[PDB]
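Below: the structure, in structure tokens.
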RNA sequence: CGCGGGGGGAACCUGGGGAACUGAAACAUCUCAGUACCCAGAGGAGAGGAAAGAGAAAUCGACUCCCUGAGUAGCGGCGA
RNA sequence: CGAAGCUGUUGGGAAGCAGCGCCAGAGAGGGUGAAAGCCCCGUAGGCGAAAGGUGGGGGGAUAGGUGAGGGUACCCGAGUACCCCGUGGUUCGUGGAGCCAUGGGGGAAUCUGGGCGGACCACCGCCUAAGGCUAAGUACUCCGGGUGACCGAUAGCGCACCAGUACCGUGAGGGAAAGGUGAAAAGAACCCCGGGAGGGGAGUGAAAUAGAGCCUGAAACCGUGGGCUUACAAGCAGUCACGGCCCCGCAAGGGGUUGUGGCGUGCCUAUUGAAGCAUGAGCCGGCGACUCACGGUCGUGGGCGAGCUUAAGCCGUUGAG
RNA sequence: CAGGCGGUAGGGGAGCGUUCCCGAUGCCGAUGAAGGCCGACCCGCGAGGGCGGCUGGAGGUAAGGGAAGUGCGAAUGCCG
């Protein structure tokens, strides 16, 4: 394969692949595609330790990898990110847009 | 593969049209009998009554 | 068209074979008291004989088996009429042989049996038969000489 | 075949008198089809196969079981027989049939609804949709299948994804797939081949 | 001083050395085989290579690879 | 860079469906919580490659190569050819065997000369040895690729798991076994058995006949425990028979087992000749053996049919041609 | 309807069971492909084919015919 998926927090956007509702980003790696952003409620019961809040049983989490989300752009729907010829920044850029030059 | 037919056999025999296995025989090879008397003469050709079949084959490429 | 169960056109049969089995006549060979099945089983090209296969003979036809070459002579080609009395326009080889059928023939010879239109056709050598069929009743030419 | 300017086209003279040789037709055709398909696999063992430890165990006694040749074509890794052979065998035929076949076939496939403007427009000849726009303005729709010969890159670099349909251009001939189809169109009788 | 070069590299080169089993329903010519296989330089190629040619045709016109010729000519205890 | 709808009701969960809206020179393929074009990765395509460096065509191309004839008139690859013997190659094993290198001695000649058209003389023909260099179109594979009616992890590659290891060797040598929880370890919390080990609950958990020689899990080998059998008794043992003896069908019966009576010499390989202590048979599973190339040659549906059939290429073939 | 019918090798007739092909941008398919344990119905003389139940956990390939490393009790066989 290869290292090509998404980006950083900002807002990202939670969805319903069996979960529902939408929220902001958090963190994300590409190797296996795994990452996080609160919401996804999952608890990993710890072992016979204690150092931490105490012995065994874990807590809150998150969990996913592949596709299955979106981005912010209120009212109407959302689009992509075009280019630059003689406008604002030289001939580069792009920070998630509605369909004009914002988000 | 190939099967390069055998010259010798073909050095003598022939299938007279009819597919008949016919050719020369063996005998009057310059007497090899002696006796001034008489006989030798007798000679000719002849088919084969059971082998002939076989033969013709190893000569289906050369003809 | 379609794939309207296009089986076949009557008779064929891929009649394959197979290893061993216990059905019908499967499993056997046919022989015994006749040893001959080997890793390089005979072959089997005629083989056997057990009597020089009547090869007690000998060759007499002496005219070949020499070595480098054979007998070198320009082609020897005769003929017959009942083959193309059809067209003529001008009966000359190449136009024929070189066409329809028939192969090279340096020197030309002619005959056959049937009849035809006695018309001049290449003749690097012909037969009396044609003479009459192309004399006071036909047309014949001449040979090479070059 | 058009209905704009040109209007009218009929044929079958070819040889209506006979037309009854289906047997051999389909048959052999089927044959070469198999050929093309690449069939490359190997066979192994013969004498050696693997440069074995070369000869080994005893005899007389031995592990009770007989043996000498370390070729042990008895396990799932030893010699066996020649099942495949990259020699997918190169058999074939001519054009003296590359013809007659489809002849009788389409004739009856004309009783189906052949036709073939021999050259028709559609529009941008490069925009898929619009091409079909002449599919409807003609009378076709994904169901009874068909094909066609368009000797021009034009509609080629256009027809793109031709499901249920043809989208040819060059010349190779694909009767078979027409079997699973029906109607069709041509690029000049000449394009087919004199 | 200069390089070269020993040394290196799966097949494919060139060369120099060069078997036996097996066939021949024994066996000694012949066979496998100039194969297996050793040693020999180099290249990705290599080897080869330009007529003291072919051959019979008032002829063709460097050398290599394929097309057949031709399994023909022939080799041969003319035996395999 | 790229192309284009969802939706609720049920459904673990929805790639389920209707009502229908959609880009589509681009519906290849890998795929993300149940059989997904409009969804992560692509696929028509056409952008462009460098700084690094960097393999070279085309272009130009540089020093380094390119008239005709006429008579004078001497001059050119030697221990060389041609003899010779032993020769090898040549299809050429002596044979009427030339020419190639000849190992051995002989042993010249240089164009009004010199080699071959397979013996010694006579006519005629193309070439000019004994300097060496020479591309192109040729072979090839560990991998890169692709694909591959290529195998698909007791395969295949020895080998997808840290093997050319354990290991056996002395060298050489030789060679193993050993892939698979799951959408996510989320991999076990806690408390009573407690030697750590190995237990029960609970929880996560769509799923613990889901938890670490855990995928699904048969077969030889295991009895808990159930049901039908048995201590006068003789047998390849199984069968067929009335009978009785426990599940199931209202019924008809269907069953399971067996009493006795009857009945019973097996099985796989060899041969005048078998069941046979003539062989083999651990046991169950599991692997196992004439294609196919090419080549020869009788039939079969066929077409052409005195006529009936083109290799090796060249354009082209996603493909095909 | 007469007839035929045991029958080793051999030699015919098919049929059957057994893995890729297109059909496969066609069709079942989680109210299940696939394994299976069971089946004491139906179809197959057989080959088998079914045909439906419970365990079973991710795919299958129609009619058709087109290709075949199989139609394996065993060889003191290979192995586990």
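Protein chains in written order, with the UniProt record's numbering: chain W, 1 to 103; chain U, 2 to 64; chain V, 5 to 150; chain B, 4 to 197. The C-beta atom is built at its ideal place from N, Cα and C for all residues, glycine as well.
| Check | Outcome |
| --- | --- |
| Chain U contact residues for residue 68(V), given Cβ-Cβ distances below 8 Å | 12 |
| Option nearest residue 8(V) by Cα separation, candidates 179(B), 20(B), 7(B), 196(B) | 179(B) |
| Continuous alpha helix (DSSP H) assignments of at least 4 residues falling wholly in the region 39-109 of chain V | none |
| Member of 74(V), 98(V), 129(V) whose CA lies at the smallest distance from the CA of residue 82(V) | 129(V) |
| Contacting positions in the region 21-51 of chain B - beta carbon closer than 8 Å to chain V | 25, 26, 27, 29, 30, 33 |
| Nearest-angstrom Cβ-Cβ length linking residue 135(B) and residue 188(B), presumed shorter than 8 Å | Residue 135(B) to residue 188(B), Cβ: 14 Å. No contact. |
| Nearest residue (CA-CA) to residue 127(V), options 121(V), 133(V), 114(V), 120(V) | 114(V) |
| For residue 46(U), the three-state DSSP class (helix, strand or coil) | strand |
| Chain B contact for residue 13(V) (CB, 7 Å cutoff) | yes |
| Chain V contacts made by the region 13-40 of chain U, where a contact means CB separation under 7 Å | 13, 25, 27 |
| The alpha helix (DSSP H) enclosing residue 113(B), as first and last residue numbers | 103-113 |
| Beta carbon of residue 25(W) nearer than 7 Å to that of residue 10(W) | yes |
| Of the residues 101(W), 97(W), 65(W), the one placed nearest residue 33(W), counting alpha carbons only | 65(W) |
| Supposed close pair residue 186(B), residue 147(B) - CB separation, criterion 8 Å | 7 Å |
| Option in 194(B), 183(B), 195(B), 193(B) with minimal Cα separation from residue 5(V) | 183(B) |
| The region 81-98 of chain B in contact with the region 18-28 of chain B per 3-pair CB rule at 8 Å | no |
| CB contact below 7 Å: residue 7(V) versus chain B | yes |
| Cβ shell of residue 122(V) (< 6 Å), same chain only, five flanking positions each side left out | 137, 138, 141, 142, 143 |
| DSSP bridge partner residues for residue 15(U) (one or two, in chain order) | 23(U) |
| Residue 28(B) (DSSP reduced to helix, strand or coil) | helix |
| Exposure label - residue 24(U); buried when at least 16 CB within 10 Å | buried |
| 7 Å Cβ cutoff, residue 55(V) in contact with chain U | no |
| Any chain V beta carbon closer than 7 Å to residue 182(B) | yes |
| Cutoff 7 Å: residue 23(V) Cβ touching any chain B Cβ | no |
| Where residue 108(B) meets chain V, residues with beta-carbon distance less than 7 Å | 5 |
| is_contact[residue 3(U), chain V] using C-beta, thresh 7 Å | no |
| is_contact[residue 52(U), chain V] using C-beta, thresh 7 Å | yes |
| Burial state of residue 44(U) (16 or more Cβ within 10 Å) | exposed |
| Close beta carbons around residue 87(V), own chain, < 8 Å, minus the five adjacent residues each side | 116 |
| Validate contact between the region 24-41 of chain B and the region 88-103 of chain B using beta carbons, cut 8 Å, 3 pairs | yes |
| Partners in chain V for residue 9(U), counting only beta-carbon separations shorter than 8 Å | 63 |
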